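Source file: input_38.csv. Holds: CSV, C-alpha atoms and all ligand atoms.
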chain,number,residue,atom,x,y,z
A,101,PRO,CA,-25.5,4.4,5.3
A,102,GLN,CA,-25.7,0.6,4.4
A,103,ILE,CA,-23.6,-0.1,1.3
A,104,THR,CA,-24.0,-3.3,-0.7
A,105,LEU,CA,-21.2,-4.7,-2.7
A,106,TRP,CA,-22.7,-5.4,-6.2
A,107,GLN,CA,-20.7,-2.4,-7.4
A,108,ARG,CA,-17.4,-1.0,-6.1
A,109,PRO,CA,-18.0,0.9,-2.8
A,110,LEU,CA,-16.8,4.2,-4.2
A,111,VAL,CA,-17.5,7.2,-2.1
A,112,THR,CA,-16.7,10.9,-2.1
A,113,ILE,CA,-14.0,12.2,0.3
A,114,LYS,CA,-12.9,15.6,1.0
A,115,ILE,CA,-9.2,16.3,1.8
A,116,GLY,CA,-7.3,19.6,1.7
A,117,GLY,CA,-10.6,21.3,0.6
A,118,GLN,CA,-10.8,19.1,-2.5
A,119,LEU,CA,-13.3,16.3,-3.4
A,120,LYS,CA,-12.0,13.0,-4.6
A,121,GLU,CA,-13.5,9.5,-5.1
A,122,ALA,CA,-12.2,6.7,-3.0
A,123,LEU,CA,-12.8,3.0,-2.4
A,124,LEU,CA,-13.9,1.7,1.0
A,125,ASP,CA,-11.6,-1.2,1.5
A,126,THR,CA,-11.8,-3.4,4.5
A,127,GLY,CA,-8.8,-5.5,3.3
A,128,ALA,CA,-6.6,-2.5,3.7
A,129,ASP,CA,-4.8,-1.7,7.0
A,130,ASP,CA,-3.9,1.8,5.7
A,131,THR,CA,-5.4,4.6,3.5
A,132,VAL,CA,-3.5,5.3,0.3
A,133,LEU,CA,-4.2,8.2,-2.1
A,134,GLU,CA,-2.8,9.0,-5.5
A,135,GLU,CA,-0.2,11.8,-5.8
A,136,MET,CA,-1.3,15.0,-4.2
A,137,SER,CA,0.0,17.8,-2.0
A,138,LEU,CA,-0.4,17.7,1.8
A,139,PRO,CA,1.0,20.0,4.6
A,140,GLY,CA,3.8,19.3,7.1
A,141,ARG,CA,6.6,16.7,7.2
A,142,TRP,CA,6.2,13.1,5.9
A,143,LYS,CA,7.9,9.9,7.0
A,144,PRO,CA,8.8,6.9,4.7
A,145,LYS,CA,6.7,3.7,4.6
A,146,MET,CA,6.9,0.6,2.4
A,147,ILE,CA,3.5,-1.0,2.0
A,148,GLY,CA,2.7,-4.3,0.3
A,149,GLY,CA,-0.2,-5.0,-2.0
A,150,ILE,CA,-1.2,-7.9,-4.3
A,151,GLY,CA,1.4,-6.9,-6.8
A,152,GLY,CA,4.3,-6.3,-4.5
A,153,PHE,CA,5.7,-3.4,-2.5
A,154,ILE,CA,5.7,0.3,-3.1
A,155,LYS,CA,7.2,3.3,-1.3
A,156,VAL,CA,4.8,5.9,-0.1
A,157,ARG,CA,4.8,9.2,1.8
A,158,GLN,CA,3.2,9.1,5.3
A,159,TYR,CA,1.4,12.1,6.6
A,160,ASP,CA,-0.1,12.0,10.1
A,161,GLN,CA,-3.1,13.7,11.7
A,162,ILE,CA,-4.7,14.9,8.4
A,163,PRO,CA,-8.3,15.9,8.4
A,164,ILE,CA,-10.4,14.0,5.9
A,165,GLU,CA,-14.1,13.7,5.4
A,166,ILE,CA,-15.5,10.4,4.2
A,167,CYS,CA,-19.1,10.4,2.9
A,168,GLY,CA,-19.6,13.4,5.1
A,169,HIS,CA,-18.1,11.7,8.2
A,170,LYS,CA,-15.2,13.6,9.8
A,171,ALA,CA,-11.9,11.8,10.4
A,172,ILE,CA,-8.4,12.9,11.3
A,173,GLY,CA,-5.6,10.3,10.7
A,174,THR,CA,-2.7,8.9,8.7
A,175,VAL,CA,-2.8,9.2,5.0
A,176,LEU,CA,-0.2,7.6,2.7
A,177,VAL,CA,0.5,9.2,-0.7
A,178,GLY,CA,2.0,7.3,-3.6
A,179,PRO,CA,1.5,5.3,-6.8
A,180,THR,CA,-1.7,3.4,-6.2
A,181,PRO,CA,-4.1,2.1,-8.8
A,182,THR,CA,-7.0,3.9,-7.0
A,183,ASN,CA,-7.6,6.0,-3.8
A,184,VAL,CA,-8.2,3.4,-1.0
A,185,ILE,CA,-9.7,4.1,2.4
A,186,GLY,CA,-8.4,1.6,4.8
A,187,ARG,CA,-9.3,0.4,8.3
A,188,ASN,CA,-7.4,3.2,10.1
A,189,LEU,CA,-10.1,5.7,8.9
A,190,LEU,CA,-13.0,3.2,8.5
A,191,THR,CA,-12.8,2.6,12.2
A,192,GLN,CA,-12.9,6.4,12.9
A,193,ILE,CA,-16.3,6.8,11.0
A,194,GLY,CA,-17.8,3.7,12.8
A,195,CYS,CA,-17.8,1.3,9.9
A,196,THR,CA,-18.5,-2.4,10.4
A,197,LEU,CA,-19.2,-5.5,8.2
A,198,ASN,CA,-22.6,-7.2,8.6
A,199,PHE,CA,-24.1,-10.4,7.1
B,1,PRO,CA,-22.6,-11.4,12.5
B,2,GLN,CA,-21.4,-7.8,12.9
B,3,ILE,CA,-17.6,-7.8,12.3
B,4,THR,CA,-15.5,-5.1,13.8
B,5,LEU,CA,-12.7,-3.4,11.8
B,6,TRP,CA,-10.4,-2.7,14.6
B,7,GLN,CA,-8.6,-5.9,13.5
B,8,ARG,CA,-8.3,-7.4,10.0
B,9,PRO,CA,-11.6,-9.2,9.2
B,10,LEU,CA,-10.3,-12.7,8.8
B,11,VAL,CA,-12.7,-15.6,8.5
B,12,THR,CA,-12.6,-19.4,7.8
B,13,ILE,CA,-13.6,-20.5,4.3
B,14,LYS,CA,-14.3,-24.0,3.1
B,15,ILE,CA,-13.2,-24.6,-0.4
B,16,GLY,CA,-12.2,-27.6,-2.5
B,17,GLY,CA,-12.5,-29.8,0.6
B,18,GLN,CA,-9.9,-27.5,2.5
B,19,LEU,CA,-10.3,-25.1,5.4
B,20,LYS,CA,-8.4,-21.8,4.9
B,21,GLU,CA,-8.3,-18.3,6.5
B,22,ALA,CA,-9.1,-15.4,4.2
B,23,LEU,CA,-9.6,-11.6,4.5
B,24,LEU,CA,-13.1,-10.1,3.7
B,25,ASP,CA,-12.3,-7.3,1.4
B,26,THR,CA,-15.0,-4.9,0.3
B,27,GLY,CA,-12.7,-3.1,-2.0
B,28,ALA,CA,-11.6,-6.3,-3.9
B,29,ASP,CA,-13.3,-7.0,-7.4
B,30,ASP,CA,-12.3,-10.7,-7.2
B,31,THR,CA,-11.5,-13.5,-4.8
B,32,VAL,CA,-8.0,-14.6,-4.9
B,33,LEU,CA,-6.3,-17.5,-3.0
B,34,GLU,CA,-2.8,-18.8,-2.6
B,35,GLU,CA,-1.8,-21.8,-4.7
B,36,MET,CA,-4.2,-24.7,-4.4
B,37,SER,CA,-5.7,-27.3,-6.6
B,38,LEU,CA,-9.3,-26.8,-7.8
B,39,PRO,CA,-11.4,-29.1,-10.2
B,40,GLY,CA,-12.6,-28.2,-13.7
B,41,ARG,CA,-11.7,-25.7,-16.4
B,42,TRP,CA,-9.5,-22.6,-15.9
B,43,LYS,CA,-8.1,-19.7,-17.9
B,44,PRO,CA,-5.2,-17.4,-17.1
B,45,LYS,CA,-5.8,-13.7,-15.9
B,46,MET,CA,-3.7,-10.8,-14.9
B,47,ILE,CA,-5.0,-9.0,-11.8
B,48,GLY,CA,-3.8,-5.6,-10.5
B,49,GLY,CA,-3.5,-4.1,-7.1
B,50,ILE,CA,-1.0,-2.0,-5.2
B,51,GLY,CA,2.5,-2.8,-6.6
B,52,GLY,CA,1.3,-4.0,-10.0
B,53,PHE,CA,-0.1,-7.1,-11.5
B,54,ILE,CA,0.2,-10.9,-10.9
B,55,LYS,CA,-0.9,-13.8,-13.2
B,56,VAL,CA,-3.5,-16.1,-11.7
B,57,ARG,CA,-5.7,-19.1,-12.8
B,58,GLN,CA,-9.4,-18.3,-13.0
B,59,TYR,CA,-11.9,-21.1,-12.0
B,60,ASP,CA,-15.6,-20.4,-12.4
B,61,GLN,CA,-18.7,-21.9,-10.6
B,62,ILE,CA,-16.7,-22.9,-7.5
B,63,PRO,CA,-18.7,-23.7,-4.4
B,64,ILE,CA,-17.4,-22.0,-1.2
B,65,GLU,CA,-18.6,-21.7,2.3
B,66,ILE,CA,-17.8,-18.5,4.3
B,67,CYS,CA,-18.7,-18.3,7.9
B,68,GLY,CA,-21.3,-21.0,7.4
B,69,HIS,CA,-22.8,-19.3,4.4
B,70,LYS,CA,-22.7,-21.2,1.1
B,71,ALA,CA,-22.1,-19.4,-2.2
B,72,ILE,CA,-20.7,-20.2,-5.6
B,73,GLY,CA,-18.5,-18.1,-7.9
B,74,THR,CA,-15.3,-17.4,-9.6
B,75,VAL,CA,-12.1,-18.1,-7.5
B,76,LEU,CA,-8.7,-16.9,-8.7
B,77,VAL,CA,-5.6,-18.9,-7.7
B,78,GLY,CA,-2.0,-17.7,-7.8
B,79,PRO,CA,1.0,-16.1,-6.0
B,80,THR,CA,-1.1,-13.7,-3.9
B,81,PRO,CA,0.6,-12.6,-0.6
B,82,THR,CA,-2.7,-13.3,1.2
B,83,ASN,CA,-6.1,-14.9,0.7
B,84,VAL,CA,-8.8,-12.3,-0.1
B,85,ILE,CA,-12.6,-12.8,-0.4
B,86,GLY,CA,-13.8,-10.1,-2.8
B,87,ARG,CA,-17.1,-8.6,-3.6
B,88,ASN,CA,-18.1,-11.4,-6.1
B,89,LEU,CA,-18.7,-13.8,-3.1
B,90,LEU,CA,-19.3,-11.1,-0.4
B,91,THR,CA,-22.6,-10.1,-2.2
B,92,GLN,CA,-23.8,-13.8,-2.2
B,93,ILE,CA,-23.6,-14.1,1.6
B,94,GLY,CA,-25.3,-10.7,2.0
B,95,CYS,CA,-22.3,-8.8,3.3
B,96,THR,CA,-22.8,-5.0,3.6
B,97,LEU,CA,-20.7,-2.1,5.1
B,98,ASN,CA,-22.6,0.0,7.6
B,99,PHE,CA,-21.8,3.2,9.3
A,201,LIG,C1,-1.3,-5.1,5.2
A,201,LIG,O1,-1.1,-4.7,3.8
A,201,LIG,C2,-2.2,-4.1,3.3
A,201,LIG,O2,-3.2,-3.8,4.0
A,201,LIG,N1,-2.1,-3.8,2.1
A,201,LIG,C3,-3.3,-3.2,1.3
A,201,LIG,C4,-3.7,-4.4,0.3
A,201,LIG,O3,-3.1,-4.5,-0.8
A,201,LIG,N2,-4.6,-5.2,0.8
A,201,LIG,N3,-4.9,-6.3,0.1
A,201,LIG,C5,-6.3,-6.5,-0.1
A,201,LIG,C6,-6.7,-6.0,-1.5
A,201,LIG,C7,-6.5,-4.5,-1.8
A,201,LIG,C8,-7.2,-4.1,-3.1
A,201,LIG,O4,-8.6,-4.5,-3.0
A,201,LIG,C9,-7.0,-2.6,-3.4
A,201,LIG,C10,-7.5,-2.2,-4.7
A,201,LIG,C11,-8.9,-2.0,-4.9
A,201,LIG,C12,-9.3,-1.7,-6.3
A,201,LIG,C13,-8.4,-1.5,-7.3
A,201,LIG,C14,-7.0,-1.7,-7.1
A,201,LIG,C15,-6.6,-2.0,-5.8
A,201,LIG,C16,-8.9,-1.2,-8.7
A,201,LIG,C17,-8.4,-1.8,-9.8
A,201,LIG,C18,-8.5,-3.1,-10.2
A,201,LIG,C19,-9.2,-4.1,-9.5
A,201,LIG,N4,-8.3,-4.8,-8.6
A,201,LIG,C20,-8.6,-5.4,-7.4
A,201,LIG,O5,-9.8,-5.4,-7.1
A,201,LIG,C21,-7.6,-6.0,-6.5
A,201,LIG,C22,-7.6,-7.5,-6.5
A,201,LIG,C23,-8.9,-8.1,-5.9
A,201,LIG,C24,-7.6,-8.0,-8.0
A,201,LIG,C25,-6.4,-8.1,-5.8
A,201,LIG,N5,-7.8,-5.4,-5.1
A,201,LIG,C26,-6.8,-4.9,-4.3
A,201,LIG,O6,-5.7,-5.0,-4.7
A,201,LIG,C27,-4.4,-7.5,0.9
A,201,LIG,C28,-3.0,-7.6,1.1
A,201,LIG,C29,-2.5,-7.7,2.3
A,201,LIG,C30,-1.1,-7.8,2.6
A,201,LIG,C31,-0.3,-7.7,1.5
A,201,LIG,BR1,1.8,-7.9,1.7
A,201,LIG,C32,-0.8,-7.7,0.2
A,201,LIG,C33,-2.2,-7.6,0.0
A,201,LIG,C34,-3.0,-1.8,0.7
A,201,LIG,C35,-1.6,-1.8,-0.1
A,201,LIG,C36,-4.2,-1.3,-0.2
A,201,LIG,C37,-2.9,-1.0,1.9
A,202,CL,CL,-4.7,6.9,11.5
A,203,CL,CL,-18.3,-14.7,-9.6
A,204,CL,CL,-28.6,-7.5,-1.6

Please, can you express the file's structure as structure tokens?
Ligand SMILES: COC(=O)N[C@H](C(=O)NN(CCC[C@@]1(O)Cc2ccc(cc2)C/C=C\CNC(=O)[C@H](C(C)(C)C)NC1=O)Cc1ccc(Br)cc1)C(C)(C)C
Ligand SMILES: [Cl-]
Ligand SMILES: [Cl-]
Ligand SMILES: [Cl-]
Amino acid sequence: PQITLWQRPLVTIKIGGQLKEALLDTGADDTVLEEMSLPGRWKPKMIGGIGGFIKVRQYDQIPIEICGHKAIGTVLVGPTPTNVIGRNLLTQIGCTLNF
Amino acid sequence: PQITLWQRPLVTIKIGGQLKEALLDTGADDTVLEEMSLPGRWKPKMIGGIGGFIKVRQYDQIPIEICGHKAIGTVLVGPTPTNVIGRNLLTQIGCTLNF
């Protein structure tokens, strides 16, 4: 698709068999989702946002579908104001910025 | 142009007579820049992102140039860790996400 930016670029994602809404954020290096259960072991990561730093749980090699496009990558879980899809998965689905 | 998302999508902006580097952020509601002087009236604002909120000054009807494309809009100025161009100016230069 081509998505304009007059409204928030909110899309539907599917992870762990569940649908969620998430924001396509090209200012984000990483993908961060609100609290949820995922399989496997996790590693610690401290990430910084506009308000400061948070601790999150890092899960690697997680399947996730974004607007129907299949990706498999790193997902961070923790106290975020909204689910954000960052460049690590934007690049997997072939996203670019055009103007 | 077409901008790849393998790296952070940084561009040069011209604003208030100054040249600055800033991140094109499709998930950002607002444009927020590190401390700098701008002309005219302002009002304070709290803005939230990962890690919580910071207090900024809001200046409206500010001219800006982004990769050679002129626009005008609201610019927020405060202790942001990094300069972000949000959707309020990205729309004006005809920036879309495509995949
Ligand atoms: C390299 O570090 C990062 O990539 N950090 C990201 C990040 O915060 N990116 N920022 C870009 C903006 C992300 C976001 O768009 C996510 C984000 C999108 C949308 C919401 C909240 C957060 C929804 C709620 C309110 C609206 N708030 C926003 O739009 C705010 C605002 C424009 C006001 C700063 N937007 C954002 O906070 C830039 C940045 C880079 C380095 C550091 Br240290 C700190 C910040 C993530 C924490 C999301 C992974
Ligand atoms: Cl990844
Ligand atoms: Cl505006
Ligand atoms: Cl348009």

As an mmCIF file with C-alpha atoms, in the coordinates of the input, please: chain B after a least-squares superposition onto chain A using all C-alpha atoms matched in order.
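Output file superposed-v6.cif follows:
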data_model
loop_
_atom_site.group_PDB
_atom_site.id
_atom_site.type_symbol
_atom_site.label_atom_id
_atom_site.label_comp_id
_atom_site.auth_asym_id
_atom_site.auth_seq_id
_atom_site.Cartn_x
_atom_site.Cartn_y
_atom_site.Cartn_z
ATOM 1 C CA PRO B 1 -25.938 4.337 5.131
ATOM 2 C CA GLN B 2 -26.005 0.633 4.217
ATOM 3 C CA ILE B 3 -23.684 0.173 1.184
ATOM 4 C CA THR B 4 -24.221 -2.715 -1.123
ATOM 5 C CA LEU B 5 -21.276 -4.782 -2.459
ATOM 6 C CA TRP B 6 -22.703 -5.674 -5.744
ATOM 7 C CA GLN B 7 -20.637 -2.736 -7.081
ATOM 8 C CA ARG B 8 -17.305 -1.372 -5.806
ATOM 9 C CA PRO B 9 -18.019 0.781 -2.703
ATOM 10 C CA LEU B 10 -16.780 4.094 -3.965
ATOM 11 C CA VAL B 11 -17.422 7.246 -1.988
ATOM 12 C CA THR B 12 -16.463 10.989 -2.085
ATOM 13 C CA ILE B 13 -13.776 12.108 0.362
ATOM 14 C CA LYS B 14 -12.778 15.634 1.230
ATOM 15 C CA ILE B 15 -9.139 16.011 1.887
ATOM 16 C CA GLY B 16 -6.588 18.818 1.745
ATOM 17 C CA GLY B 17 -9.279 21.117 0.326
ATOM 18 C CA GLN B 18 -9.900 18.578 -2.645
ATOM 19 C CA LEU B 19 -12.823 16.317 -3.464
ATOM 20 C CA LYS B 20 -11.745 12.806 -4.586
ATOM 21 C CA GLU B 21 -13.377 9.360 -5.121
ATOM 22 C CA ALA B 22 -11.963 6.516 -3.060
ATOM 23 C CA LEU B 23 -12.760 2.809 -2.422
ATOM 24 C CA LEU B 24 -13.828 1.709 1.154
ATOM 25 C CA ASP B 25 -11.650 -1.224 1.808
ATOM 26 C CA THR B 26 -12.147 -3.319 4.910
ATOM 27 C CA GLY B 27 -9.183 -5.434 4.163
ATOM 28 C CA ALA B 28 -6.744 -2.434 3.820
ATOM 29 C CA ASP B 29 -4.419 -1.630 6.915
ATOM 30 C CA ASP B 30 -3.833 1.931 5.610
ATOM 31 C CA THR B 31 -5.343 4.679 3.510
ATOM 32 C CA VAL B 32 -3.516 5.359 0.401
ATOM 33 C CA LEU B 33 -4.154 8.088 -2.256
ATOM 34 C CA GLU B 34 -2.751 8.979 -5.623
ATOM 35 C CA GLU B 35 -0.200 11.787 -5.764
ATOM 36 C CA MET B 36 -1.370 14.954 -4.074
ATOM 37 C CA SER B 37 0.058 17.655 -1.947
ATOM 38 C CA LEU B 38 -0.628 17.549 1.817
ATOM 39 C CA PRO B 39 0.668 20.016 4.590
ATOM 40 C CA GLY B 40 3.104 19.173 7.393
ATOM 41 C CA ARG B 41 5.704 16.517 8.124
ATOM 42 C CA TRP B 42 6.061 13.194 6.243
ATOM 43 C CA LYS B 43 8.251 10.100 6.239
ATOM 44 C CA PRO B 44 8.737 7.498 3.531
ATOM 45 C CA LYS B 45 7.110 3.926 3.817
ATOM 46 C CA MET B 46 6.997 0.826 1.767
ATOM 47 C CA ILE B 47 3.520 -0.729 1.585
ATOM 48 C CA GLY B 48 2.679 -4.211 0.223
ATOM 49 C CA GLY B 49 -0.283 -5.648 -1.528
ATOM 50 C CA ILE B 50 -0.935 -7.977 -4.430
ATOM 51 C CA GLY B 51 2.010 -7.628 -6.891
ATOM 52 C CA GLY B 52 4.522 -6.384 -4.327
ATOM 53 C CA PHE B 53 5.421 -3.181 -2.668
ATOM 54 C CA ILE B 54 5.334 0.572 -3.561
ATOM 55 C CA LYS B 55 7.061 3.521 -1.763
ATOM 56 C CA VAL B 56 4.697 6.147 -0.417
ATOM 57 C CA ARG B 57 4.859 9.355 1.759
ATOM 58 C CA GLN B 58 3.225 8.988 5.160
ATOM 59 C CA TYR B 59 1.386 12.086 6.612
ATOM 60 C CA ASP B 60 -0.065 11.814 10.100
ATOM 61 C CA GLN B 61 -2.992 13.712 11.812
ATOM 62 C CA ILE B 62 -4.691 14.551 8.492
ATOM 63 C CA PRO B 63 -8.294 15.658 8.686
ATOM 64 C CA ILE B 64 -10.623 13.901 6.175
ATOM 65 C CA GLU B 65 -14.286 13.833 5.577
ATOM 66 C CA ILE B 66 -15.916 10.614 4.213
ATOM 67 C CA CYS B 67 -19.517 10.613 3.296
ATOM 68 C CA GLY B 68 -20.094 13.585 5.562
ATOM 69 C CA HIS B 69 -18.301 11.996 8.461
ATOM 70 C CA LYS B 70 -15.208 13.786 9.778
ATOM 71 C CA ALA B 71 -12.168 11.844 10.995
ATOM 72 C CA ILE B 72 -8.459 12.387 11.324
ATOM 73 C CA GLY B 73 -5.566 9.985 10.691
ATOM 74 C CA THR B 74 -2.617 8.872 8.771
ATOM 75 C CA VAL B 75 -2.895 9.247 4.908
ATOM 76 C CA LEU B 76 -0.330 7.627 2.620
ATOM 77 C CA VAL B 77 0.412 9.275 -0.748
ATOM 78 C CA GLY B 78 2.106 7.660 -3.737
ATOM 79 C CA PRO B 79 1.817 5.767 -7.073
ATOM 80 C CA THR B 80 -1.207 3.684 -6.024
ATOM 81 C CA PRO B 81 -3.388 2.477 -8.987
ATOM 82 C CA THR B 82 -6.472 3.605 -7.028
ATOM 83 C CA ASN B 83 -7.512 5.578 -3.963
ATOM 84 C CA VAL B 84 -8.289 3.292 -0.986
ATOM 85 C CA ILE B 85 -9.780 4.226 2.432
ATOM 86 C CA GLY B 86 -8.451 1.624 4.872
ATOM 87 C CA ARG B 87 -9.424 0.500 8.274
ATOM 88 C CA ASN B 88 -7.482 3.333 10.089
ATOM 89 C CA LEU B 89 -10.211 5.863 8.962
ATOM 90 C CA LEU B 90 -13.077 3.322 8.440
ATOM 91 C CA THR B 91 -13.133 2.669 12.274
ATOM 92 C CA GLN B 92 -13.410 6.483 12.987
ATOM 93 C CA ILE B 93 -16.628 6.855 10.969
ATOM 94 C CA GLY B 94 -18.049 3.689 12.572
ATOM 95 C CA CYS B 95 -17.922 1.485 9.501
ATOM 96 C CA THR B 96 -18.720 -2.222 10.139
ATOM 97 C CA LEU B 97 -19.272 -5.308 7.850
ATOM 98 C CA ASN B 98 -22.529 -7.106 8.506
ATOM 99 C CA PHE B 99 -23.895 -10.333 7.284
#

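When all atoms listed in the file are used to measure the gap to ligand CL 202 (chain A), the shortest distance among A:184, A:172, A:115, A:193 belongs to A:172.
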
*asked:* If the limit is 10 Å from any atom of ligand CL 204 (chain A), counting all atoms listed in the file, which residues qualify? Return them as a list in words.
replied: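 Selection of residues at most 10 Å from ligand CL 204 (chain A): residues 103, 104, 105 and 106 of chain A; 91, 92, 93, 94, 95 and 96 of chain B.
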
Only residues of chain B matter here; which ones have an atom within 9 Å of chain A, counting all atoms listed in the file? Give them as a PDB file with C-alpha atoms, in the frame of the given file.
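What landed in selection27.pdb:
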ATOM      1  CA  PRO B   1     -22.600 -11.400  12.500  1.00  0.00           C
ATOM      2  CA  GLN B   2     -21.400  -7.800  12.900  1.00  0.00           C
ATOM      3  CA  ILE B   3     -17.600  -7.800  12.300  1.00  0.00           C
ATOM      4  CA  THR B   4     -15.500  -5.100  13.800  1.00  0.00           C
ATOM      5  CA  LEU B   5     -12.700  -3.400  11.800  1.00  0.00           C
ATOM      6  CA  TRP B   6     -10.400  -2.700  14.600  1.00  0.00           C
ATOM      7  CA  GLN B   7      -8.600  -5.900  13.500  1.00  0.00           C
ATOM      8  CA  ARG B   8      -8.300  -7.400  10.000  1.00  0.00           C
ATOM      9  CA  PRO B   9     -11.600  -9.200   9.200  1.00  0.00           C
ATOM     10  CA  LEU B  23      -9.600 -11.600   4.500  1.00  0.00           C
ATOM     11  CA  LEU B  24     -13.100 -10.100   3.700  1.00  0.00           C
ATOM     12  CA  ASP B  25     -12.300  -7.300   1.400  1.00  0.00           C
ATOM     13  CA  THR B  26     -15.000  -4.900   0.300  1.00  0.00           C
ATOM     14  CA  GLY B  27     -12.700  -3.100  -2.000  1.00  0.00           C
ATOM     15  CA  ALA B  28     -11.600  -6.300  -3.900  1.00  0.00           C
ATOM     16  CA  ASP B  29     -13.300  -7.000  -7.400  1.00  0.00           C
ATOM     17  CA  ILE B  47      -5.000  -9.000 -11.800  1.00  0.00           C
ATOM     18  CA  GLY B  48      -3.800  -5.600 -10.500  1.00  0.00           C
ATOM     19  CA  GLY B  49      -3.500  -4.100  -7.100  1.00  0.00           C
ATOM     20  CA  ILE B  50      -1.000  -2.000  -5.200  1.00  0.00           C
ATOM     21  CA  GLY B  51       2.500  -2.800  -6.600  1.00  0.00           C
ATOM     22  CA  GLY B  52       1.300  -4.000 -10.000  1.00  0.00           C
ATOM     23  CA  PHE B  53      -0.100  -7.100 -11.500  1.00  0.00           C
ATOM     24  CA  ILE B  54       0.200 -10.900 -10.900  1.00  0.00           C
ATOM     25  CA  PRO B  79       1.000 -16.100  -6.000  1.00  0.00           C
ATOM     26  CA  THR B  80      -1.100 -13.700  -3.900  1.00  0.00           C
ATOM     27  CA  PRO B  81       0.600 -12.600  -0.600  1.00  0.00           C
ATOM     28  CA  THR B  82      -2.700 -13.300   1.200  1.00  0.00           C
ATOM     29  CA  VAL B  84      -8.800 -12.300  -0.100  1.00  0.00           C
ATOM     30  CA  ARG B  87     -17.100  -8.600  -3.600  1.00  0.00           C
ATOM     31  CA  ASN B  88     -18.100 -11.400  -6.100  1.00  0.00           C
ATOM     32  CA  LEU B  90     -19.300 -11.100  -0.400  1.00  0.00           C
ATOM     33  CA  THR B  91     -22.600 -10.100  -2.200  1.00  0.00           C
ATOM     34  CA  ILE B  93     -23.600 -14.100   1.600  1.00  0.00           C
ATOM     35  CA  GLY B  94     -25.300 -10.700   2.000  1.00  0.00           C
ATOM     36  CA  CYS B  95     -22.300  -8.800   3.300  1.00  0.00           C
ATOM     37  CA  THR B  96     -22.800  -5.000   3.600  1.00  0.00           C
ATOM     38  CA  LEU B  97     -20.700  -2.100   5.100  1.00  0.00           C
ATOM     39  CA  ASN B  98     -22.600   0.000   7.600  1.00  0.00           C
ATOM     40  CA  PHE B  99     -21.800   3.200   9.300  1.00  0.00           C
TER      41      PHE B  99
END

_List as JSON, numbers by chain the protein and nucleic acid residues near residue 167 in chain A, meaning an atom at most 9 Å away when all atoms listed in the file are counted, but skip any in the same chain fewer than 4 places from it._
{"A": [111, 112, 113, 114]}

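Using all atoms listed in the file, the smallest distance between any of A:175, A:139, A:120, A:183 and ligand CL 202 (chain A) comes from A:175.
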
*Determine the nearest neighbour of residue 35 in chain B from the options B:56, B:17, B:70, B:62, counting only C-alpha atoms.*
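Under the stated criterion, the closest residue is B:56.
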
*May I have the residues within 10 Å of residue 137 in chain A as a list in words, using all atoms listed in the file and disregarding those fewer than 3 positions away in the same chain?*
residues 116, 134, 140 and 177 of chain A

*Point-to-point distance from CA of residue 43 in chain B to atom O4 of ligand LIG 201 (chain A), Å rounded to tenths*: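 These two atoms are separated by 21.3 Å.
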
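Nearest residue to ligand LIG 201 (chain A) among A:133, A:171, A:138, A:166 is A:133, counting only C-alpha atoms and all ligand atoms.
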
*Within 9 Å of residue 141 in chain A, counting all atoms listed in the file, which residues qualify if same-chain residues fewer than 6 places away don't, as number ranges by chain?*
A: 158-160

*Could you jot down the CA of residue 61 in chain B to CA of residue 73 in chain B separation for me, Å, one decimal place?*
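Interatomic distance here is 4.7 Å.
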
Can you fill out range 181-188 of chain A with N, CA, C and O atoms and hand it back as a PDB file, in the frame of the given file?
ATOM      1  N   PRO A 181      -3.178   2.206  -7.703  1.00  0.00           N
ATOM      2  CA  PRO A 181      -4.100   2.100  -8.800  1.00  0.00           C
ATOM      3  C   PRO A 181      -5.458   2.896  -8.530  1.00  0.00           C
ATOM      4  O   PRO A 181      -6.144   3.287  -9.460  1.00  0.00           O
ATOM      5  N   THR A 182      -5.833   3.102  -7.263  1.00  0.00           N
ATOM      6  CA  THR A 182      -7.000   3.900  -7.000  1.00  0.00           C
ATOM      7  C   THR A 182      -6.864   4.428  -5.543  1.00  0.00           C
ATOM      8  O   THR A 182      -6.043   3.894  -4.764  1.00  0.00           O
ATOM      9  N   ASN A 183      -7.610   5.490  -5.215  1.00  0.00           N
ATOM     10  CA  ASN A 183      -7.600   6.000  -3.800  1.00  0.00           C
ATOM     11  C   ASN A 183      -8.283   4.917  -2.957  1.00  0.00           C
ATOM     12  O   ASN A 183      -9.396   4.501  -3.281  1.00  0.00           O
ATOM     13  N   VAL A 184      -7.641   4.486  -1.846  1.00  0.00           N
ATOM     14  CA  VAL A 184      -8.200   3.400  -1.000  1.00  0.00           C
ATOM     15  C   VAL A 184      -8.346   3.965   0.435  1.00  0.00           C
ATOM     16  O   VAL A 184      -7.389   4.522   0.999  1.00  0.00           O
ATOM     17  N   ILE A 185      -9.528   3.794   1.021  1.00  0.00           N
ATOM     18  CA  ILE A 185      -9.700   4.100   2.400  1.00  0.00           C
ATOM     19  C   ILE A 185      -9.613   2.821   3.183  1.00  0.00           C
ATOM     20  O   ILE A 185     -10.463   1.890   3.029  1.00  0.00           O
ATOM     21  N   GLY A 186      -8.608   2.750   4.016  1.00  0.00           N
ATOM     22  CA  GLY A 186      -8.400   1.600   4.800  1.00  0.00           C
ATOM     23  C   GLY A 186      -8.924   1.593   6.246  1.00  0.00           C
ATOM     24  O   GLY A 186      -9.571   2.579   6.696  1.00  0.00           O
ATOM     25  N   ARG A 187      -8.686   0.521   6.984  1.00  0.00           N
ATOM     26  CA  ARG A 187      -9.300   0.400   8.300  1.00  0.00           C
ATOM     27  C   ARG A 187      -8.944   1.533   9.306  1.00  0.00           C
ATOM     28  O   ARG A 187      -9.752   1.847  10.209  1.00  0.00           O
ATOM     29  N   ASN A 188      -7.744   2.116   9.179  1.00  0.00           N
ATOM     30  CA  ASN A 188      -7.400   3.200  10.100  1.00  0.00           C
ATOM     31  C   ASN A 188      -8.425   4.328  10.101  1.00  0.00           C
ATOM     32  O   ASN A 188      -8.665   4.913  11.145  1.00  0.00           O
TER      33      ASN A 188
END
